[PDB]
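Structure first, then comments.
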Amino acid sequence: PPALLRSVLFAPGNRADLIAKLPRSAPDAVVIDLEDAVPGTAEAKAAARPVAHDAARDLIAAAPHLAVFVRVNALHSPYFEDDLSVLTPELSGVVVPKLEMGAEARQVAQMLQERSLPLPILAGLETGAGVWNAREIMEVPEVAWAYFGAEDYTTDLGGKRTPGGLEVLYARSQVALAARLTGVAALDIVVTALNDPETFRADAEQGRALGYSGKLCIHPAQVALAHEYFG
Amino acid sequence: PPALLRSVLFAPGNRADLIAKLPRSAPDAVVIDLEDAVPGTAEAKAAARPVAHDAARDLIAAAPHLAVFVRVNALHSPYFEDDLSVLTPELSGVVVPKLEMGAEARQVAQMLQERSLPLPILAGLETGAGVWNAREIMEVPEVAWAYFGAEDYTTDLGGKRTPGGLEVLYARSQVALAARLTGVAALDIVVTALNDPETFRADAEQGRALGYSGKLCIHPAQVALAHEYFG
Amino acid sequence: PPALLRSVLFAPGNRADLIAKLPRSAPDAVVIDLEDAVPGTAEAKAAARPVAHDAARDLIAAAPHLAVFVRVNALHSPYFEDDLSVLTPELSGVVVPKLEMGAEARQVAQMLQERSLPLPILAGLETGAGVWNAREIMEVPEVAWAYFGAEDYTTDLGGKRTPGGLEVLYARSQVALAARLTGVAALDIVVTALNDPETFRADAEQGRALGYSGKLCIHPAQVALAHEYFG
Ligand SMILES: O=C([O-])CC(=O)C(=O)O
Ligand SMILES: O=C([O-])CC(=O)C(=O)O
Ligand SMILES: O=C([O-])CC(=O)C(=O)O
Ligand SMILES: [Mg+2]
Ligand SMILES: [Mg+2]
Ligand SMILES: [Mg+2]
């Protein structure tokens, strides 16, 4: 995949239909999500694995030039292990959420290698420890890109999100700087307000000014908006 | 004392009458202050010790559940040593202002134990070094809560305070993050404007969004406002 | 040169005429610039050196009490070595842009010592690494002052500058804090807009609030304005 992704669009791993609609807006990359998008039960996570596996295969064959990623559950969740069975060399990479130390990313890299699944890692820095150890996490060789997850960050610190985002400015700035120092591409925060392009435009602008090279998108319409600011 | 304190109300150590009025606003915790609240004269300090002691003694008995703290003078001040003699096991904890190194916090903890005073420490992070070494200070076991003192922080850096507080956003964000990583309760900055409830409301909202679990209060009226945002 | 510089005014190193005007606004210090001010070709830099060298000399003889500095090119640039010949013992010091490690600053000090140039360093922290290692760079003994260059910082991170400057608040606050902790005087960012003193006034105000003790100036008119805020 390109070292630069201007837009990264998500779809629930257990929604074959939404996964297939992923290329419509032509995002630079997409993420079939087995984490947040799917219920936290052993049953839901198991049911989602074959669905996302086949959906990923179909998608890559239909849109050969689309960078396709799969987001697995956190390293320390009881789902990480079995999520790996979903991966294939055809994916552009694997998204690992809530990483918190360089050792965790190295563990991930080694486990992937032992499953014969050499996939670059798109690191999720979205907790206090992830931000604090941002540089150490991104210096792991296998980490090619990273996103700052404001939503989980504030939840982790017992904070609350605002439109301006001053409450995550410190964190968002640290991640962008650590990303520059390690040669890793930084992906900006999601925008949950889906009814106003203006709210998104203002947010993307802040992210661009900070040095992020791309932005996470949760709705197709945000893709075109993202391309007006990154790239 | 509770792990979380929504409000912490201050009262001058040498003002036995005000100390007694403390329970009125029903704050989660109160601080009998021998530091800033009293004049910096070797005589005005030694004269405040007996008044603070006797006032704290009677206050704790009058409201046994209420978390009662006494703020002593800085570790390297000429008053610290003698201030300790004022403390008692019945206190919920001791407030130590201007801590700047993990080593200073450990020193305080050791001295307290040697004086047979089992008191958890409420660390004052309000200087450049305090903020810089926030995590190292807060990881000391005896430290249970910590507050960011914007007033003395700006004074220490030669800065100046504003209503928006952007000049201490980096510092306030760093303390909140370090508090999370160490399991320490973070207490937000004071609001010196005692005539406008909107200034406090907006200020408290910023602290809450950043991850603070409580806020320092200098006037009984701010207590109710604090509980509107923290809890 | 005093430990405190409220204003530091720049002039192109290849303009003998502009350099001569430097003393008119009575800035606390002046900088004859061989770096950004002079085009990036071996021809333009070599042509600039004798002018900066002699103009600096004529300046010191005319204004004996003025702190005169020369800004050489970056340490790892192909012009650094030759730029050193422009320096003389009579200068108040030398500005070294884009410093990124403590070791780089020590290298400069060493090379200055072997040339018999007792010139303290005014370090330029204006790239991701410069900000990341701000404290280590400033703890180098010969570093007496440091400036934060928001322009090159955002360029280095691939961001964009805004009037409000929230995109560089993190870095600006960090440089100011590190300067306090190392005993180094921190100089605030340049203001490129010259048609409005109000834009400069608001900016200087932000810098002062964060703890900066002086501000870089690129137009003599900014000198008096800086003096209203610093000192
Ligand atoms: O799942 C989503 O839609 C967005 C997400 O995880 C994130 O921004 O971290
Ligand atoms: O004593 C006060 O009024 C305020 C105080 O200590 C602080 O903000 O740290
Ligand atoms: O060259 C200039 O005029 C200003 C400059 O380098 C800076 O602010 O770093
Ligand atoms: Mg997320
Ligand atoms: Mg205080
Ligand atoms: Mg510069």
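Naming: A, B, ... by sequence-line order, numbering from 1 per chain.
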Quiz item: How long is the gap from CD on A:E142 to CG on A:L122, to the nearest 0.5 Å?
Solution: 14.0 Å

Quiz prompt | Greater than 12 external heavy atoms within 6.0 Å of A:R201's CZ | solution = yes

Quiz item: Has the side chain of C:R208 got a donor or acceptor atom that lies under 3.5 Å from a matching backbone atom of B:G158?
Solution: yes

Practice problem: Of all the heavy-atom pairs spanning C:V143 and C:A105, show the shortest one and how long it is. | Solution: CG2-CB, 4.3 Å

Practice problem: Any chance you could lay out the side-chain contact (heavy atoms from CB on, under 4.5 Å) test for C:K98 and C:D152, step after step, and finish with the verdict? | Solution: CA-CA 8 Å; C:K98 295 181 156 60; C:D152 287 352; 2.4 Å; yes

Quiz prompt | Closest approach of A:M138 to A:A146 (non-hydrogen atoms, all atoms of both residues) | solution = SD-CB, 3.9 Å

Kindly list each side-chain donor-acceptor pair under 3.5 angstrom involving residues 217-227 of chain A, sequence neighbours excluded, with atom names and distances?
unit_1 : atom_1 : unit_2 : atom_2 : d
A:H219 : ND1    : A:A221 : N      : 2.8
A:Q222 : OE1    : A:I218 : N      : 2.8
A:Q222 : NE2    : A:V191 : O      : 3.0
A:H227 : NE2    : A:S7   : OG     : 2.7

Quiz item: Taking atom NE2 of C:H76 as the centre, does the number of heavy atoms from other residues, nucleotides or ligands within less than 6.0 Å exceed 12?
Solution: yes

Quiz item: Does any N or O in the side chain of C:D33 come within less than 3.5 Å of the main-chain N or O of C:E35, such that one atom is a donor and the other an acceptor?
Solution: yes

Exercise. May I ask you to check if C:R135 and B:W132 form a cation-pi contact, with NZ or CZ under 6.0 angstrom from the six-membered ring centre and within 45° of the axis?
Key: yes

Quiz item: Would you say B:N133's side chain and B:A129's backbone share a donor-acceptor pair under 3.5 angstrom?
Solution: yes

Quiz item: Do any N or O atoms from the side chain of C:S77 and from the backbone of C:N73 form a donor-acceptor pair under 3.5 angstrom?
Solution: no

Quiz prompt | Closest non-hydrogen atom pair, A:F69 against A:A29 | solution = CE1-CB, 3.8 Å

Exercise. Please say which of A:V8, A:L9, A:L5 ends up in a side chain to side chain contact (heavy atoms under 4.5 Å, CB included) with A:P27.
Key: A:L9

Practice problem: Answer yes or no on whether C:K215 is positioned over the face of C:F200, meaning its NZ or CZ is under 6.0 Å from the six-membered ring centre and within 45° of the axis. | Solution: yes

Exercise. I would like to know whether A:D203 and A:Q206 meet side-chain contact (heavy atoms from CB on, under 4.5 Å); could you show each step before the answer?
Key: CA-CA 5 Å; A:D203 199 287; A:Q206 175 61 284; 5.7 Å; no

Practice problem: Go through the side-chain N and O atoms of A:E205 and A:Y229 and say whether any donor and acceptor fall under 3.5 Å apart. | Solution: no

Quiz prompt | Distance (rounded to the nearest 0.5 Å) between B:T154 OG1 and B:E126 CD | solution = 10.5 Å

Quiz item: Atom CZ in C:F148, atom CG in C:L187: separation rounded to 0.5 Å?
Solution: 13.0 Å

Practice problem: Looking only at non-hydrogen atoms, find the nearest pair between C:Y153 and C:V168 and report the distance. | Solution: CD2-CG1, 4.3 Å

Quiz item: Short question: side chain of A:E104, backbone of A:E100 - any donor-acceptor pair under 3.5 Å?
Solution: yes

Quiz prompt | Beyond-backbone contact of A:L169 with C:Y170, side-chain heavy atoms, under 4.5 angstrom | solution = no

Quiz item: Where is the tightest heavy-atom contact between A:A109 and A:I121, given as atom of each residue plus distance?
Solution: N-CD1, 4.0 Å

Quiz item: Minimum heavy-atom separation for C:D188 to C:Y212, with atom names?
Solution: N-CD2, 3.2 Å

Quiz prompt | Distance in Å, A:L210 CG paired with C:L166 CG, rounded so as to fall on 0.5 Å steps | solution = 8.5 Å

Practice problem: Dump the intermediate steps for side-chain contact (heavy atoms from CB on, under 4.5 Å) on A:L4 and A:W145, then the final yes or no. | Solution: CA-CA 9 Å; A:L4 191 112; A:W145 325 258; over 6 Å; no

Practice problem: Sort out for me which residue in A:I189, A:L177, A:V131 forms a side chain to side chain contact (heavy atoms under 4.5 Å, CB included) with A:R172. | Solution: A:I189

Quiz item: Between CG of C:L157 and CD of C:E167, what distance do you get to the nearest 0.5 Å?
Solution: 11.0 Å

Quiz item: Any donor-acceptor pair under 3.5 Å linking the side chain of B:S213 with the backbone of B:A186?
Solution: yes

Quiz item: How far apart are the C-alpha atoms of C:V96 and C:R71, what are their side-chain angles, what is the distance that settles it, and do they pass the side-chain contact (heavy atoms from CB on, under 4.5 Å) test?
Solution: CA-CA 6 Å; C:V96 188; C:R71 175 162 75 172; over 6 Å; no

Quiz prompt | Gap between atom CG of B:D156 and atom CG of C:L181 - 0.5 Å precision | solution = 8.0 Å

